[PDB]
Amino acid sequence: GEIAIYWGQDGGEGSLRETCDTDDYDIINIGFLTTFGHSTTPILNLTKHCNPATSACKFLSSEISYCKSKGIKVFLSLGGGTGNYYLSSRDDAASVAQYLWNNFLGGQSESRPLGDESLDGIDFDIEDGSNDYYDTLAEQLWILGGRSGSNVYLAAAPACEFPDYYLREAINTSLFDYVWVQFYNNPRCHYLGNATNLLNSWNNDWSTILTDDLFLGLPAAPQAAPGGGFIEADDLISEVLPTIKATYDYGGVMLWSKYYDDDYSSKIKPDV
Ligand SMILES: *[C@@H]1O[C@H](CO)[C@@H](O[C@@H]2O[C@H](CO)[C@@H](O[C@@H]3O[C@H](CO)[C@@H](O)[C@H](O[C@H]4O[C@H](CO)[C@@H](O)[C@H](O)[C@@H]4O)[C@@H]3O[C@@H]3OC[C@@H](O)[C@H](O)[C@H]3O)[C@H](O)[C@H]2NC(C)=O)[C@H](O[C@@H]2O[C@@H](C)[C@@H](O)[C@@H](O)[C@@H]2O)[C@H]1NC(C)=O
Ligand SMILES: *[C@@H]1O[C@H](CO)[C@@H](O[C@@H]2O[C@H](CO)[C@@H](O)[C@H](O)[C@H]2NC(C)=O)[C@H](O[C@@H]2O[C@@H](C)[C@@H](O)[C@@H](O)[C@@H]2O)[C@H]1NC(C)=O
Ligand SMILES: *[C@@H]1O[C@H](CO)[C@@H](O[C@@H]2O[C@H](CO)[C@@H](O)[C@H](O)[C@H]2NC(C)=O)[C@H](O[C@@H]2O[C@@H](C)[C@@H](O)[C@@H](O)[C@@H]2O)[C@H]1NC(C)=O
Ligand SMILES: [Ca+2]
Ligand SMILES: [Ca+2]
C-alpha cells in the first residue's frame, strides 16, 4: 500500500523537499488551483509557501524533480474547499485540460507557474460549484496523455457519501487511476463510535467504482477535520486496515494534510 498526502495549504508545513524526505509518502497532491474554467485565468494558491501569480514559485521545479527522483508521484489538485471554479461547457473542459497540460504537465506555456518539471497528473478535489463536465475534463486529459506518450495520472477525492454529487460523473468514466474517498466531515459514513458505517460504505458502495487504486482518505489529526472522522492510529491498524486490504484494488491511505501529520503516517505506514 501507498500513502498520499496533500501539501500546499499551510506555509509552515515544511517545504515540498522536506515533505518528500520524510520517506512516508508515495504521492503528493499539491493544492490548490482555486479558480479555473468559464474563461477565467486560472489561479493557483499555495498559501504562504510562494506566490504563483508573481512568478515566485518556479523554484519548486527542482523540488518536484527531487521528489520524482525518489519514485514519488506529484499531482496538481483542482478545487478545494474555497474557490471560484466550475466548467461551463464541453469546450471549456477541453480548454482547461489544455491549460493544465501546457502549464503543469508535459506541455509548454508562456510561463509555467512551478517551472519546467512536469507533474505526474491531476487530482480532482471538487467540493463546490457545478458538477458538470468534469467527466469531459478527465477524458480530455486522458487524450492529452495519449497524444504525447506521457503518463497523466487522474485522481479523484470524493466525500464518502455515495454517490458523490460533484464527482460521480467523473468517476463513472472508469478513467481514474486513483480515488481517495474522504471518510471525514460526514458523520453519516465516517468513523464514529466504530467503523461499521465506514466499512459498509467502502464494501458496498465504493467497491463498485472502476478505479485501479482505491484509497481510504483520512484526517492526519483531529484538528485536520473538526467535523469528525479522525481514527486513532492503533484503532486504524486493528479495526480498519485489515478489512479494507481484502478489497482487490485497495491502494492505501490518503491524508489531509501535511500540516497536521506530525507522526500519524509514521505510526501507520508499516501497516498500510
Ligand atoms: C457503533 O457505534 C454506533 C454509534 O455509537 C452504535 O450505535 C448506537 O448504539 C447505541 C447503544 O446501543 C444506541 O443507543 C441505544 O439506543 C436505544 C434506542 O433508543 C436506547 O434504548 C438505549 O438506551 C438503553 O441502553 C443504555 C445503555 O447502552 C442505557 O443507559 C439506557 O438507560 C437504556 O437502558 C441506547 O441509548 C443510549 O443510552 C446510553 C446513552 O449514553 C446514549 O446517549 C443513548 O443513545 C444508539 O441508538 C446507536 N446509534 C445508532 C445511530 O444506531 C453501534 O451500536 C450497535 O449497532 C447499532 C446499529 C445498534 O444495533 C446498537 O443497538 C448496537 O449497540 C456501534 N456498533 C458496534 C458494532 O459497536
Ligand atoms: C489562498 O487561500 C487561502 C485560504 O482559502 C486564502 O485565505 C483566506 O482568504 C479569505 C478571503 O478570500 C479569508 O476570508 C480567509 O480568512 C482566509 N483564510 C486564511 C486561513 O487565511 C488566501 O486569500 C488571501 O489571503 C487572505 C489572508 C486575504 O488577504 C485574502 O484577501 C487573500 O486573497 C488565498 N490567496 C489568494 C491569493 O487568493
Ligand atoms: C454510471 O453510468 C451508468 C450509465 O453508463 C449509470 O447507469 C444508468 O443509469 C441510468 C439512470 O440512472 C439508467 O436509466 C440506465 O439504465 C443505466 N445504464 C446501465 C447500463 O445500467 C450508472 O447509474 C447507476 O447505476 C444504475 C444501474 C442505476 O442503479 C442508477 O440509479 C445508478 O446511479 C452511473 N453510476 C453512477 C454512480 O452514477
Ligand atoms: Ca518546458
Ligand atoms: Ca477506540
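Position 1 is the first residue of the sequence, and the numbers go up from there. Below, each value reflects all heavy atoms present in this structure, side chains not excepted, and no hydrogens, waters or symmetry copies. Counting starts at 1 for both ligands and their atoms, in listed order.
With respect to the salt-bridge test (charged N to carboxylate O, under 4.0 angstrom), the residues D23 and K70 qualify. A salt bridge is absent between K267 and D262; no separation between the charged side-chain nitrogens and carboxylate oxygens falls under 4.0 Å.
For atom 5 (O) of ligand 1, the nearest non-hydrogen atom of the protein is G193 CA, 4.5 Å. With respect to atom 37 (C) of ligand 2, the closest heavy atom belonging to the protein is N45 ND2, 4.6 Å. Looking only at protein heavy atoms, the nearest one to atom 4 (C) of ligand 1 is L192 O, 4.2 Å. Nearest protein heavy-atom neighbour of atom 5 (O) of ligand 2: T82 CB, 4.2 Å. From the protein, the heavy atom lying nearest to atom 27 (C) of ligand 2 is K48 NZ, 3.9 Å. For atom 68 (C) of ligand 1, the nearest protein heavy atom (residue, atom name, distance) is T196 OG1, 3.9 Å.
Annotation: side chain of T82 is not in contact with side chain of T34 (no heavy-atom distance under 4.5 Å).
For atom 1 (C) of ligand 2, the protein comes within 4.0 Å by at least one heavy atom. Counting protein heavy atoms under 4.0 angstrom from atom 12 (O) of ligand 1 gives zero. Within the 4.0 angstrom cut-off, atom 14 (O) of ligand 2 has no protein heavy-atom neighbours. For atom 20 (C) of ligand 1, the nearest protein heavy atom is 4.0 Å or more away. Less than 4.0 angstrom separates atom 35 (N) of ligand 2 from at least one non-hydrogen atom of the protein. Atom 44 (C) of ligand 1 is never approached by the protein to below 4.0 angstrom, counting heavy atoms only. Within the 4.0 angstrom cut-off, atom 1 (C) of ligand 1 has one or more protein heavy-atom neighbours. The protein does not reach atom 54 (O) of ligand 1 closely, with no heavy atom under 4.0 angstrom from it. At a distance under 4.0 Å, a protein heavy atom can be found next to atom 22 (C) of ligand 2.
Formation of a donor-acceptor pair under 3.5 Å by the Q98 side chain with backbone atoms of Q140 is not found in this model. Looking at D120, its side chain never comes within 3.5 Å of a backbone N or O of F75 through a donor-acceptor pair. Using modelled atom types, one side-chain atom of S61 and one backbone atom of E117 make a donor-acceptor pair closer than 3.5 Å.
Donor-acceptor pairing under 3.5 Å is lacking for the side chains of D123 and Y153. Between the side chains of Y165 and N131, at least one donor N or O sits under 3.5 Å from an acceptor N or O. With 3.5 Å as the limit, one finds a donor-acceptor pair spanning the side chains of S111 and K58.
Of all atoms in ligand 1, numbered sequentially from 1 with element shown, those under 4.0 Å from a heavy atom of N194 are 1 (C), 2 (O), 3 (C), 53 (C), 65 (C), 66 (N), 67 (C), 69 (O).
Look at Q108 and the Ca ion (ligand 4): an N/O/S atom of the residue is under 3.0 Å from the metal.
Residue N200 qualifies as enclosed at atom CG: its count of foreign heavy atoms under 6.0 Å is above 12. Summarising the local packing, OH of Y250 is surrounded by more than 12 heavy atoms from other residues, nucleotides or ligands at distances under 6.0 Å.
Counting just the N/O/S atoms of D116, the one with the shortest distance to the Ca ion (ligand 4) is named OD1.
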